[PDB]
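Protein chains in written order, with the deposited numbering: chain A, 0 to 145; chain B, 0 to 145.
Each residue gets a CB set at the ideal place from its N, CA and C atoms; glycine is no exception.
The block underneath contains the structure these notes are about, expressed in structure tokens.
2 protein chains.
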Amino acid sequence: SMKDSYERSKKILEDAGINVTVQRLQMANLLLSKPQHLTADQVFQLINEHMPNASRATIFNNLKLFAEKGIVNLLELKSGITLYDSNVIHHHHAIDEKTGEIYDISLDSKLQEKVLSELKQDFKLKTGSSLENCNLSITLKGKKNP
Amino acid sequence: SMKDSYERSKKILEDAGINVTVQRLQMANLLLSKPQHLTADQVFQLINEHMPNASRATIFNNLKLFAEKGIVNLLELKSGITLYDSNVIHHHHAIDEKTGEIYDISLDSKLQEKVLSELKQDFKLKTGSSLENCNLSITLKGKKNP
Ligand SMILES: [K+]
Ligand SMILES: [Zn+2]
Ligand SMILES: [Zn+2]
Numbered sequence: 000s001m002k003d004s005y006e007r008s009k010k011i012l013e014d015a016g017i018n019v020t021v022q023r024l025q026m027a028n029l030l031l032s033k034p035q036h037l038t039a040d041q042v043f044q045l046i047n048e049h050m051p052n053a054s055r056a057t058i059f060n061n062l063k064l065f066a067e068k069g070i071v072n073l074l075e076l077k078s079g080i081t082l083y084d085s086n087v088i089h090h091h092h093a094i095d096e097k098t099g100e101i102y103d104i105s106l107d108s109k110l111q112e113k114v115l116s117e118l119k120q121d122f123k124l125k126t127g128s129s130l131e132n133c134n135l136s137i138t139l140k141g142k143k144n145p
Numbered sequence: 000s001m002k003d004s005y006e007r008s009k010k011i012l013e014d015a016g017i018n019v020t021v022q023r024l025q026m027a028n029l030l031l032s033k034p035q036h037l038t039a040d041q042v043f044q045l046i047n048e049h050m051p052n053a054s055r056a057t058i059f060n061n062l063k064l065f066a067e068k069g070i071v072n073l074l075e076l077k078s079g080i081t082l083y084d085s086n087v088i089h090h091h092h093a094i095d096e097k098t099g100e101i102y103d104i105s106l107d108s109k110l111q112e113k114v115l116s117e118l119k120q121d122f123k124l125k126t127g128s129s130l131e132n133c134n135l136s137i138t139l140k141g142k143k144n145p
């Protein structure tokens with residue numbers, strides 16, 4: 000429902016302490032409707048298709064605000080490109096090298112903690128220092144067949 | 000050094016969980032000592048020149064194993080040509096979130112194999128396709144103390 004989507008985007012912006020505007024409500028709805036990973040230009044293309052009178056600058060400033068407030072997450076790929084991820088729950092990524100397509104993937108918590116622990120021990124062995132308040136990010140790159 | 004090239008190749012294979020043999024150490028050294036991209040026939044030409052008693056079948060089985068374990072990356076060109084790329088990072092990274100400094104770190108092979116195994120299975124379940132020639136990249140981000 001159109002009443003529901005407005006109420007849902009209003010709460011997302013308010014919970015994050017973002018001042019509500021029509022453009023921000025539309026952007027929250029368009030970006031957070033489905034799990035996706037978009038460059039700044041792809042965000043502009045998406046928003047521009049639904050709101051052709053919104054300026055590139057205003058869309059870019061809202062996108063930066065959304066990333067600062069954690070309603071989208073910044074994802075950098077090994078090339079310098081920055082992607083805006085609409086899935087904010089902790090997850091990893093598989094990339095199909097044939098198409099460049101990105102898939103969200105998760106790791107079982109026990110296994111993830113074993114990886115995090117072994118890597119912290121190897122860091123300590125190699126540097127003599129401990130790594131504190133750690134987060135783990137994994138990328139699996141391969142060729143999707145078919 | 001001949002000692003260093005043997006040690007470097009031995010670690011690459013062991014990290015990937017490949018059983019060490021003299022032929023595999025020579026192939027790992029010939030393919031991975033320098034950045035290059037070669038077709039299957041150029042790999043055979045290169046290996047055959049240094050190991051003329053190695054059969055085409057043994058060379059191609061090792062090349063397929065190397066691609067299966069991600070120690071060589073396939074470049075699958077749109078023209079249908081497949082190249083075997085030695086420009087692979089065979090370790091992981093810890094990043095000191097304060098300074099931005101990056102440290103090389105490694106994961107035990109058995110544990111790396113369990114992570115790839117679980118992720119590949121989940122990828123297959125979710126997409127219906129398998130991910131081939133995988134390379135896992137892990138980044139551990141934290142505060143270095145001291
Ligand atoms: K790969
Ligand atoms: Zn994601
Ligand atoms: Zn490195």
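Each residue's CA atom was taken as its position, placing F59 of chain B and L110 of chain B some 28 Å apart. DSSP links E131 of chain B through a beta bridge to A:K142. Legend: CB atoms of the segment 68-84 of chain B lying less than 9 Å from CB atoms of chain A belong to residues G69, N72, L73, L74 and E75.
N132 of chain B and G141 of chain A do touch by the CB rule: their CB atoms are close to 6 Å apart, below 8 Å. Taking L62 of chain B as the centre and dropping the five residues before and after it, the same chain places the C-beta of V42 closer than 6 Å to its C-beta, in chain order. Approximately 7 Å separates the beta-carbon atoms of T81 of chain A and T38 of chain A; this is inside 8 Å, confirming the contact. Distance from the Cα of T98 of chain B is smallest, within the candidate group B:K143, B:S129 and B:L130, for B:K143. Nearest in C-alpha terms to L45 of chain A, of all of A:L30, A:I11 and A:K77, is A:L30.
According to DSSP, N72 of chain B shares a beta bridge with B:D84.
Within the DSSP secondary-structure output, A93 of chain A pairs in a beta bridge with A:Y102 and A:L139.
Residue environment analysis places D40 of chain B among the exposed positions, since fewer than 16 neighbouring C-beta atoms fall within 10 angstroms of its C-beta. Near ligand 2, meaning a Cβ closer than 5 Å to any of its heavy atoms, lie the following residues in chain order: A:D84, A:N86 and A:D103. In this structure, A93 of chain A sits near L118 of chain B, with a CB-CB distance shorter than 8 Å. Residues of the same chain with a CB within less than 7 Å of the CB of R55 of chain B, apart from the 5 flanking positions on each side, are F43 in chain order. Within chain B, not a single residue places a beta-carbon under 9 Å from that of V87 of chain A; the smallest gap is close to 17 Å. Close to chain B, meaning a Cβ-Cβ distance shorter than 8 Å, are the following residues of the segment 97-121 of chain A: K97, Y102, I104, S105, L106, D107, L110, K113, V114, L115, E117, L118, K119 and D121. No Cβ-Cβ contact shorter than 8 Å links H89 of chain B with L106 of chain B.
Residue burial annotation: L130 of chain A is buried, with at least 16 other C-beta atoms found within 10 angstroms of its C-beta.
Residue selection by CB proximity (closer than 7 Å to any heavy atom of ligand 1) returns A:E96, A:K140, A:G141, B:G69, B:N72, B:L73, B:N132, B:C133 and B:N134 in chain order. Of the candidates B:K33, B:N18, B:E112 and B:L135, the residue whose Cα lies closest to the Cα of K77 of chain A is B:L135. In chain order, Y5, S8 and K9 place their CB closer than 7 Å to the CB of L24 of chain B, counting only its own chain and leaving out the 5 sequence neighbours on each side. Distance from the CA atom of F65 of chain A to the CA atom of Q22 of chain A, rounded to whole angstroms, is 12 Å. One thing to note: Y102 of chain B has its Cβ no nearer than 8 Å to the Cβ of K2 of chain A. Here the alpha carbon of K113 of chain B sits roughly 27 Å from the alpha carbon of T57 of chain B. For the options A:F122, A:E100, A:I104 and A:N72, the alpha carbon positioned closest to that of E100 of chain B is the one of A:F122. With its beta carbon at least 8 Å from every one in chain A, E6 of chain B lies outside the interface. Set against 7 Å, the gap from the CB of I94 of chain B to the closest heavy atom of ligand 3 is not smaller. Taken from the Cβ of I11 of chain B, every heavy atom of ligand 3 lies 7 Å or farther away.
If you check each beta-carbon in the segment 55-68 of chain A against every beta-carbon of chain B, none falls closer than 7 Å. Around the beta carbon of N72 of chain B, 16 or more other beta carbons lie within 10 angstroms, which makes this residue buried.
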